[PDB]
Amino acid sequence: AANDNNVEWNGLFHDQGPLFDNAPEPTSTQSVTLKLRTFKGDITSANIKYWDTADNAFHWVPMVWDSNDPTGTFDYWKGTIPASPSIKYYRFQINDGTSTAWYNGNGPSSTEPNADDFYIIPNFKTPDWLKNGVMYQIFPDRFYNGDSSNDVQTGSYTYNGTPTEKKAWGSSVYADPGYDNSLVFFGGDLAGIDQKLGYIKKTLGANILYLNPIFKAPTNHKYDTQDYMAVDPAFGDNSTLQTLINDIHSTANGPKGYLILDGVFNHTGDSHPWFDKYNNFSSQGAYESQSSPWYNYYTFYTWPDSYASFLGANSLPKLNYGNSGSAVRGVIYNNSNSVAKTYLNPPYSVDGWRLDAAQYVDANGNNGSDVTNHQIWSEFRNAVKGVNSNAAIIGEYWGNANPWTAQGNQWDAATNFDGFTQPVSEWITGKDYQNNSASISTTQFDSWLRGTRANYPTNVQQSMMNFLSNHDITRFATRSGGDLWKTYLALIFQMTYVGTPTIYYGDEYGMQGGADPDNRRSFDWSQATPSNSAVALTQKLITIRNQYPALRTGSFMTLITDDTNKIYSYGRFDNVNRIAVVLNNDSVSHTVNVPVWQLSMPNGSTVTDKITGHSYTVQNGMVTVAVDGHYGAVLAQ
């Protein structure tokens, strides 16, 4: 508020939203103009300090005063980083006389940071439909049996000496004595998914479908691939897939949709002809003969029983990617008829790939997270984007996936376990996603969220797969002990946060479930109606996100972190809208004075809480709103 040898952190702000960055996804020829907010008349000088990888050196760009915001409460300073194809990282040095502060991806700091700088990755682009959409994940066998004739029946077939077992819809997922949990089937198929597209694209509003494995495999999950080129008969055939894809892409049954498939490229099942451990094919697999034409596709320590596999599971023999140009890299992604390209090109034209166990992909049986792994995912990107620049690549990773995204040469994003699923779980349910006791306060939540966002480039952040739960962790509804209000709170946050809101089938109505396989229960369609509280909220929240671009690609600013009342408030805003989200994580209601002046909401102007429908007036930079415990409001204008 004045030149007093003091930089006020509360008035400072910057991120790569439209108000502060004119080129979030620049090419080699586009310069980047940045704006830094501060309280009006608070500083004396500011400078942009950026590291240029082309020059392995720091560069300085003094900033100049640009303007004030409509409310005359803040100043905006600007500076431009020149154009070039090189990746750069920047931070701000902010001075007010004898007071100096720094600011980067992690926010304000008294001392200069050495990490979490903002990213500038020329020519790096993630599909905008991914940044702006809402995803719905489906575990095929448990969503909807659209065709009873292709159902796996009890004893239909055997796998490793165990018969398959069919279950009545709604029954327990656990295998009865004599059967295996991996061979329990309910009948869910592609025809069913197709027949329920209205529910997904209209009742809910989700425009993106992500499916767990659908290719030929003996198990329930099908991560033990037997044939990447054929849809498993239990789910239909390749034509059944084409029809589904066309109906998903169609706008005659709702909004234009996108299809993302699960790509299991680190390994195959042990029954794949390349391996053929049980001799299910006349051809000779690697397990059968060292003269097998596919022998080299795998790594044997002691042929044929000891070989590299996924975490020791013999049913999952690991693929050897060898050096560039290898036959394996060829069948998986380089060949026009490879698994990756086949489904991306017509007559399929799917829209993306979810990369299973992506961190392990490697050569000679090694375990990835190395130079070879990253080289492979680099060529993978080239192969994919070369066929469809708008095809999504989302790798599976439970920690900081910066290594596979920050270079702009590998994935578009990743499964946001670390930056979304875990923090949300611990804040709202007091448990980690494994249902183990782990709780965090509101201030910790906000700190966790910011720190994890800072791990990634802005476009990557906006494309992260943010799910409350999935096929590998306990259901949110179980972690919350059945308290549906906790699901309410989780949904409101999910639909208003940075990254692709991802709904694991059932979560929208509060489905429960423990650890795999109980987290893959059949879907109860009588609960699949807005008559169900959670469902109605979901539809409403999705409608809201689609209505406000600021919610998908806008800036994110922390507004309130109250650990006594358990209130968390943040804003999402761009050049058109300003939205203050207010969440009540307490078990009682609270009346909150939201400081919407921080988002520059003019006084006297009104805002509407899209959740309830009630309207409010901005008084003295504030907006007073009463919020129920474990619930929230979305004040937009």
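The first residue of the shown sequence is 1; numbering continues from there.
According to the PDB record, 163 to 171 carries the higher mean C-alpha B-factor of the two stretches 293 to 301 and 163 to 171. In this crystal structure, the stretch out of 504 to 512 and 367 to 375 whose C-alpha atoms carry the higher mean B factor is 504 to 512.
Taking the deposited Cα B-factors for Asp574, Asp69, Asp52, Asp42, the highest one is held by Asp69. The entry lists C-alpha B-factors for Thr33, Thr27, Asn593, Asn47, and the highest of these is at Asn593. Among the modelled residues of its chain, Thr240 has a C-alpha B-factor that falls in the middle third according to the deposited record. Among the modelled residues of its chain, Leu12 has a C-alpha B-factor that falls in the lowest third, as given in the PDB entry. Annotation for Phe493: CA B-factor lies in the lowest third of the chain's modelled residues. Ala580: CA B factor lies in the lowest third for its chain, per the PDB record.
The deposited CA B-factor of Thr553 belongs to the lowest third of values across its chain.
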